[PDB]
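Asker: Can you look at this? It's an experimental structure, sequence on top.
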Amino acid sequence: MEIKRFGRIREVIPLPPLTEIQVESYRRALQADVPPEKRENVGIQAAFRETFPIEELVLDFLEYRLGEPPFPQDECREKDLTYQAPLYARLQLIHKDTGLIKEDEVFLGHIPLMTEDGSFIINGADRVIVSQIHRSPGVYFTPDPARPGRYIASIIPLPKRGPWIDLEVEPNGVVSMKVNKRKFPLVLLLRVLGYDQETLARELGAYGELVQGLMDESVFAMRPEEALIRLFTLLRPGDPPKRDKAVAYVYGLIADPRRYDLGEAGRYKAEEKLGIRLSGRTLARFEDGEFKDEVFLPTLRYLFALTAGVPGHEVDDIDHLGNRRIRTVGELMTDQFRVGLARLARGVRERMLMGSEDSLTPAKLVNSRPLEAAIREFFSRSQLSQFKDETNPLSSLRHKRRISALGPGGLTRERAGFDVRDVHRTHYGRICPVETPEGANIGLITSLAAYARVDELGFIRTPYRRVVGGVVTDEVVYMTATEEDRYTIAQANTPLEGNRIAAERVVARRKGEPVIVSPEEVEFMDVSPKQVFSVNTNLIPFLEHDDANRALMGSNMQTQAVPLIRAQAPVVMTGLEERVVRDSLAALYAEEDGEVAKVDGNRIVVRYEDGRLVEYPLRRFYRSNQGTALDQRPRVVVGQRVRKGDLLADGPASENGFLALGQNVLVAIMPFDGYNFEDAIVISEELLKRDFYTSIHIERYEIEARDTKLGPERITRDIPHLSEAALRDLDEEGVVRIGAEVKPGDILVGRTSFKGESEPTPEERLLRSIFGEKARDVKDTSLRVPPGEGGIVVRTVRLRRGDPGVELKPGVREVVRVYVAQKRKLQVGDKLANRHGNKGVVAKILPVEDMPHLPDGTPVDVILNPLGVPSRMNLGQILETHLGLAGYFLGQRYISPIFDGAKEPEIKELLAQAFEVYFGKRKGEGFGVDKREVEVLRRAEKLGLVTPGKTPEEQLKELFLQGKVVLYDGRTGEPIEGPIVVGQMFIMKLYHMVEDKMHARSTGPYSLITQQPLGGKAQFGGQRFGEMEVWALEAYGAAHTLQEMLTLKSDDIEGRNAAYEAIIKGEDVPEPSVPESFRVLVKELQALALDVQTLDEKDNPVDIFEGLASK
Amino acid sequence: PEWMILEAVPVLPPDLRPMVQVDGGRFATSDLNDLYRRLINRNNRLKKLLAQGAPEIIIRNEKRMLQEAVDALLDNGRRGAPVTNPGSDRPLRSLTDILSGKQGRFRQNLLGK
Amino acid sequence: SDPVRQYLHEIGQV
Amino acid sequence: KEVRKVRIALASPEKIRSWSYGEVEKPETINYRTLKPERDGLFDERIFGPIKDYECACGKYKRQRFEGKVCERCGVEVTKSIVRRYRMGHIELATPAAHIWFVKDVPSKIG
Amino acid sequence: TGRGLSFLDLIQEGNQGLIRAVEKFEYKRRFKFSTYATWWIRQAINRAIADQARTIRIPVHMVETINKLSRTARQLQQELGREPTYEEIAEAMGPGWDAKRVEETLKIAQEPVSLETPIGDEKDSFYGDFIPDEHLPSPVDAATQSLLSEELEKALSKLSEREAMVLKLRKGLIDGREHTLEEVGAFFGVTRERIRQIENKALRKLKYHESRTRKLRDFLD
DNA sequence: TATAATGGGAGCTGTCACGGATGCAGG
DNA sequence: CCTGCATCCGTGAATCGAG
Ligand SMILES: N=C(N)NCC(=O)N(O)[C@@H](CCC(N)=O)C(=O)NC[C@H]1O[C@@H](c2c[nH]c(=O)[nH]c2=O)[C@H](O)[C@@H]1O
Ligand SMILES: [Mg+2]
Ligand SMILES: [Mg+2]
Ligand SMILES: [Mg+2]
Ligand SMILES: [Zn+2]
């Protein structure tokens, strides 16, 4: 097939590595491939350097090292282990008095390593560490919401490191400073720094009526030490004002490099904002025996200059992406590594003063557990540590480019507000204005733009083409938001002849605001329209013709696309479809030029230019996190000569290197007997026949045989009181055979456990005595198939205890897992959707003869409702249908770049060329115009769609150019009374299927305290009848239906047992008793020492506990 | 009015503050148990400190801690700082937290089921 | 206010 | 008898003890080996009730024959185990403590 | 601090040890009081941490054993560059320690987890919400039990009232007590061998009734 | 059961708008 | 000394799913 593309825009630079925000960050934080002697001070190295040495015996740090993983990646996924590497640390114990030096290398545990694609493996599960976005450290000046002419000064350090400081001018004239919920005159703190009335008079004297409030004679009357003691009495009431104690607190609060830490970014931000330079990252210093100032004087200078109205002093936008930065995986892990290392340091200081003050070694003195616990905590129960989205390659790819404002140090959901949730002008090229969850996290969770990358300070930079005069240089400059605000940046689609600007008046941007400007005033230019949106948003063709809301849907749903077995690339692409499967490690390519030796379903062997033989094992039918089968398929034959970067094996959801999230189906936009009523969708049975929209899903079933005080749990083929018909597909060890078919109720793995000790009821004793069979010692607890599930067993993993290589958690004897897969065809209820935001469920599967069809006898695949189009305002799918139709008969695919894609007249041209193949075939076969085509044409020229008088061929062409063709109703044979738009549309099958969702429950598990039914399909729980549903019944006046829900159908124990008994006996349900949950309320209120009594009309106490609560 | 001060603090029935063994044979229990253990420990220690006799400074601090324990049980986080489990930042669930709140006994289990 | 600090104050008297 | 009213009021200490089936003296839960309720603990069966229906702790009384009969050796009454949901205990404080609800709810009732 | 007891709890326990130190002190030895006090103070604190920390209280000697196992496993993990096996710890522990006993000790040291443990990143879900009640009978259980009692009475009515009463007294359907042959013979007025004969005939009749009707078979469980 | 040791340690800072109680200076 | 305004602390902030 031929691939024709459009667009006049030549984008210089290709998109950066999409997973670079993960890999390049983590590696930069580790420096494991960097020689220890040549290591810089960052991440893990910076953590060791900042926590060392230990003062009081002196323990010092030399260098660290990381060994190789104890197990490979797939072995960790298999054995539920963690992908990590051993961490060793060179330490020398030095006695500050004796001079004794004892050196040793201690083991600190393991550190989780990042895979190639940028994810992790935590205890056998792929996990993605999502980057965090927060307010950059530094000094900001925000207008006081109370007093119009007064402003609030804020000094912000790194999260968890140091308190926030607020400088505010009070109505009483004096400037105040706020630290740790404590306010005091800033004058005192300035005095401690060694400042005098002289220095402040010459420095701040430029602004009158301001510094006089800073002037206080009672402050200068005391020495720096006295003022320091005075300040300590202010911050620490009740605590004895000892000199060295006050020094320790204040230094630790401000000048301490270890406790208080500005960001290296925040350091630069403060330097550029205050027009100064900072030696360290602390607000002050302890030098030559006293405190020396760094930050406080320039900040107070800027503050007073701001209040006075002095030019050159602005407020700060805190949603500005020049004041907002990103904490990647490396920095987040480093910060938690710093915390755990600090706790280890506390253990060191503690153990030095204990035990032998003479005989100690670095090994004895070190406890690795705090560090291990901290790292393990961050990689497990952290919020930013998420379950990897392995639905399709695009899912995980986007997941690694996610940006969260939540997590530790971030925003609480209630602390959010929609000021941060909005889009800023600085989001241009940096953060996608489209992609976001439409849930409660809208605005908080976002995706990174394509061409955007994150610099070392943590800010997001975007590329821009250099423009001097009229010439546009091929060089590119990545800029921050603050830097971008300086220049005038034109559009990417501005006319260029060669490297020279053609237009007389170009469209440009000055600080986000659009401006028509001359080419002589153009400083820079957009690299590409693609940089404005995320990766997913770039996969949507004709994006400029869609509403922003449905575009959000399209970007989000492409993440939800299940990899089909017959999945194919879209007929209308944007060009990034291949690159996605490139950056994502789904596909497989050749490292160098060479020839293919072997080709198999399991492996691909290739001989290169080097002569060396490289064998690539193929991942086949491996269950992902969501259940979507991930397998690689060979695309080369034996002896095929390939080159550098050529396709070897297509991964999941990939076709010839291109991304395949769905299938190209022949669609028809028309109402159909109300079966497409309200976003509903009608499909053809042919889609099931040739297995379109069919995908394989695997599910993991685990069971544990443990040690009980009542006796061991044994996995065996011996299960008491069972028929041989049920033990059919099991082997002799109790495991089901590989390849068998399992249905709900069947036994996957049989297991026996000894019965709990209990007097068998006299009925049971007699029953045993009658049947002449002694009661079995054990009891059946088998892993069976959950209702609504099943399939074919493809694998069985059996781990035990006593056998080599495997040791389970304490108490557990053997762990057995069963992998059951299934091929899922498209059925009524499953969710289909396109890239333009059009979504819906399959409401009907018509036989092929009922389906609306073409004059040549070709039936359409999908019937979409035209009513879904106008209100939703997404016309992209219309153009996709048009160009899809032209490409259907021409037999060629297309590439239509976003905003640079194909335009209508060119589509009309391709439609005309397709029409020649359509009708020219007919007239060549000796077939004239159909009589029904005549009537359709008549009603068409009454519709003003075709010009009257012209020959039917000319009219049919006039319709075909409009994208409309003549359709015949399969049920009648009569045509549709009008021409209908028909063409190929790229439609995906989403992850939401009725097979995963449909659930029903009669009776089941109840909670412990409340004794109400559980929730969810997984727990076989009941549906929640909220207080709103209670209102609905109340508003209706249905009392006995509501009383049912409140008692018999949920919380009433005696009532529900008698109810079930009544129904199976054919008897009517009994009168409902008092709910158990109210009894819980009564006793919980009694625990609060509050007497709650139920009474009658005689005001005499009524016992709802029936004597059980009274003595 | 003197009933607003407790001489005898009630104890909620065990099944309403259950200690159960889950599927894996591991144990899971309510926070109320840790709260009650806090109360009994500080109470019994006070009775011992009184019995053997102690300076009024020690007895005072023990009494103040007892009130802190009572508050923690009835309404945690109400007075000053919330009581937590070691290594955890999560405040224990008190009787007030169980009754009141959007996840409270009323809204979650009584007005809806 | 703060039980720990309060006990530390009651201790500093003796 | 039908319930027509619901009354809420302050619980007197004597009423609190009237609710209680015993004083919880020790902060023990269950034995670290037997996993059985520890005596005079928060889960003690002698106070709140039997774990097994119509069966005492030491297993001397296993049936419904004797009902209301208190085992002399173990100390646990033989009834339905459902009683462990409804039976209050108590703790006698050395120093009387203030119910925080009436202390901190503004305007303070005690204040 | 950080061992399971709050700061003030530790202080008060050290105050108890301080009281013990004062009463057990002898000034004749010229030792500064701080020297003799410190021992009793640490002793009281350590005893408190060993007693009050764990929700499931464990004897002090067993805690010392577990903590000894902790320092042992940590020593081995520090020298081997990985987490030790049960057998490796069993070796370094000395005699009387095998892999089985080590695993048992670890199983004992397992602490309970809170039922209020957060499920998800929202606050709308708890851990205990997913735990079913294994004690209280499901409606199916109660209905089956009632059906068994009814079907058994339907089966015992295929006998006479006397030969069914012998069985009802024998297996404990009535009164809830299983009687010997001497008591049933002391009631009906016949010899114990007559009672055992009647019970054999009754059980045998119930066997023939079962073989024909096929009713009680499903209740065999 | 004994050298002597004698006042802690980490804070979480970007919601908001309401009712009601406390406290302040002002007529 | 008693009214009025500033200010403090405590309380709320949709539903169902799954997790
Ligand atoms: N994941 C979510 N919530 N998507 C929302 C969604 O797809 N909807 O169609 C939403 C809003 C449209 C939008 N995308 O912003 C919607 O209107 N759904 C139809 C109905 O579903 C209900 C609903 C939807 N979304 C909510 O967050 N809360 C609701 O109550 C409403 O009763 C609403 O009328
Ligand atoms: Mg998590
Ligand atoms: Mg050994
Ligand atoms: Mg107000
Ligand atoms: Zn007994």
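Answerer: Right, received. Where do you want to start? Numbering: from 1, shown residues only, chains lettered A, B, ... in the order given. Ligands and ions are numbered 1, 2, ... in the order given.
Asker: which stretches of chain E form helices?
Answerer: For chain E, the helices defined by DSSP state H cover E:7-23, E:33-52, E:60-80, E:86-93, E:99-108, E:139-156, E:161-170, E:181-188, E:192-213.
Asker: could these be laid out in JSON lines, adding mean neighbour count?
Answerer: Every C-beta, even on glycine, is put in place using the N, C-alpha and C of the backbone. Below are the helices of chain E laid out as JSON lines (neighbours: other CB atoms under 10 Å in any protein chain shown):
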{"stretch": "helix E:7-23", "mean neighbour count": "19"}
{"stretch": "helix E:33-52", "mean neighbour count": "16"}
{"stretch": "helix E:60-80", "mean neighbour count": "15"}
{"stretch": "helix E:86-93", "mean neighbour count": "18"}
{"stretch": "helix E:99-108", "mean neighbour count": "17"}
{"stretch": "helix E:139-156", "mean neighbour count": "17"}
{"stretch": "helix E:161-170", "mean neighbour count": "20"}
{"stretch": "helix E:181-188", "mean neighbour count": "16"}
{"stretch": "helix E:192-213", "mean neighbour count": "16"}
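Asker: Out of those helices, which is closest to residue A:116?
Answerer: helix E:60-80 (29.2 Å; CB to CB).
Asker: Can the closest one be said to contact chain B?
Answerer: No. Helix E:60-80 lies out of reach of chain B by CB under 8 Å from any CB of the partner chain, never closer than 15.7 Å.
Asker: what's the angle between that helix and helix E:99-108?
Answerer: 120 degrees (axes from the mean of the first three to the mean of the last three CA atoms, to 10 degrees).
Asker: Now do helix E:60-80: distance to the chain's middle.
Answerer: Distance of helix E:60-80 from the chain centroid (CA atoms, centre = their mean, to the nearest Å) equals 26 Å.
Asker: Name the residues of the longest helix seen in chain A that come out as buried.
Answerer: Ranked by residue count under DSSP H, the longest helix found in chain A is helix A:329-352. Using 16 or more other CB atoms under 10 Å in any protein chain shown as the test for burial, helix A:329-352 gives A:329-345, A:347-349, A:352.
Asker: Then stretch A:884-902?
Answerer: In stretch A:884-902, counting by 16+ other CB under 10 Å, buried: A:884-890, A:892-902.
Asker: tell me how far it is from the chain's mean position?
Answerer: 32 Å.
Asker: okay, that stretch in CSV with CA atoms only?
Answerer: Only the C-alpha atoms of stretch A:884-902 are listed here, as CSV (Å, rounded to 0.1, in the frame of the first residue of the first chain):
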residue,chain,number,x,y,z
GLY,A,884,-10.9,7.2,4.5
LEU,A,885,-13.4,6.7,1.7
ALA,A,886,-11.1,8.1,-1.0
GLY,A,887,-8.3,5.9,0.5
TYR,A,888,-10.7,3.0,0.5
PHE,A,889,-11.1,2.8,-3.3
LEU,A,890,-7.6,4.2,-4.1
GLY,A,891,-6.2,1.6,-1.7
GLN,A,892,-3.8,4.0,-0.1
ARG,A,893,-3.2,5.3,3.4
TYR,A,894,-2.5,8.9,4.5
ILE,A,895,-0.5,11.1,6.9
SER,A,896,-2.2,14.3,8.0
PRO,A,897,-0.1,16.3,10.5
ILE,A,898,-2.0,18.2,13.2
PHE,A,899,-3.0,21.7,12.0
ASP,A,900,-0.7,21.1,9.0
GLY,A,901,-2.8,18.3,7.6
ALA,A,902,-4.8,17.9,4.4
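Asker: Contacts (any at all) between chain A and the lengthiest strand in chain D?
Answerer: Counting residues, the longest strand found in chain D (DSSP state E) is strand D:88-98. Yes. For strand D:88-98, a contact with chain A is found by CB under 8 Å from any CB, at residue D:88.
Asker: How about whichever helix or strand comes after that strand and DNA strand F, touching?
Answerer: Using DSSP states H and E, the helix or strand that directly follows strand D:88-98 along the chain is helix D:101-104. No. Applying CB under 7 Å from any atom of the strand, one finds helix D:101-104 out of contact with DNA strand F, separated by at least 11.8 Å.
Asker: and helix D:101-104, which residues are buried?
Answerer: D:101, D:102, D:103.
Asker: Return the closest of those with respect to residue A:240.
Answerer: residue D:103 (31.7 Å).
Asker: ok, the residue lying closest to that closest one once chain neighbours are set aside - how many residues close by?
Answerer: Sequence neighbours aside, residue D:110 is the residue nearest to residue D:103 in space, at 5.9 Å (criterion: CB to CB, 6 or more residues apart in numbering or on different chains). Per other CB atoms under 10 Å in any protein chain shown, the neighbour tally for residue D:110 reads 13.
Asker: just to revisit the earlier point, looking at the helices of chain E, which is nearest to chain C?
Answerer: Closest of the helices of chain E to chain C is helix E:7-23, at 6.0 Å (criterion: CB to the nearest CB).
Asker: From residue A:738, how far out is the closest residue to residue A:865 other than its chain neighbours?
Answerer: What sits nearest to residue A:865 in space, not counting adjacent residues and going by CB to CB, 6+ apart, is residue A:676, at 3.7 Å. With the distance defined as CB to CB, to the nearest Å, residue A:676 ends up 43 Å from residue A:738.
Asker: out of the two, which sits in the busier spot?
Answerer: Taking neighbours as other CB under 10 Å, residue A:676 and residue A:738 compare with residue A:676 leading, 23 against 14.
Asker: Touching, the more buried one and residue A:852? I think so.
Answerer: No. Contact criterion CB atoms under 8 Å: residue A:676 and residue A:852 do not qualify, at 11.8 Å.
Asker: Need the residues touching each of these two.
Answerer: residue A:863 (CB atoms under 8 Å, 6 or more residues apart in numbering or on different chains).
Asker: tell me, how many neighbours does residue A:504 end up with?
Answerer: 8.
Asker: for the nearest residue to residue E:123 once chain neighbours are set aside, helix, strand, or coil?
Answerer: Excluding the flanking residues, the one nearest residue E:123 by CB to CB, 6+ apart is residue B:103, at 7.3 Å. Look at residue B:103: counting by DSSP: H, G, I helix; E, B strand; the rest coil, its state is coil.
Asker: Show the contacting residues for residue B:103.
Answerer: Contacts of residue B:103 (CB under 8 Å, 6+ apart): E:123, E:124, E:126.
Asker: and the angle from the longest helix along chain B to helix E:33-52?
Answerer: Counting residues, the longest helix in chain B under DSSP H turns out to be helix B:31-52. If you take the same axes, to 10 degrees, helix B:31-52 sits at 140 degrees to helix E:33-52.
Asker: Helix B:31-52 - contacts with which helices or strands?
Answerer: Using 3 or more CB pairs under 8 Å, 6 or more residues apart in numbering or on different chains; DSSP states H and E as the contact criterion, the elements in contact with helix B:31-52 are helix B:56-74, strand D:88-98, helix E:7-23.
Asker: please redo it, this time with the cut-off set to 7 Å
Answerer: Counting contacts by 3 or more CB pairs under 7 Å, 6 or more residues apart in numbering or on different chains; DSSP states H and E, helix B:31-52 packs against helix B:56-74, strand D:88-98.
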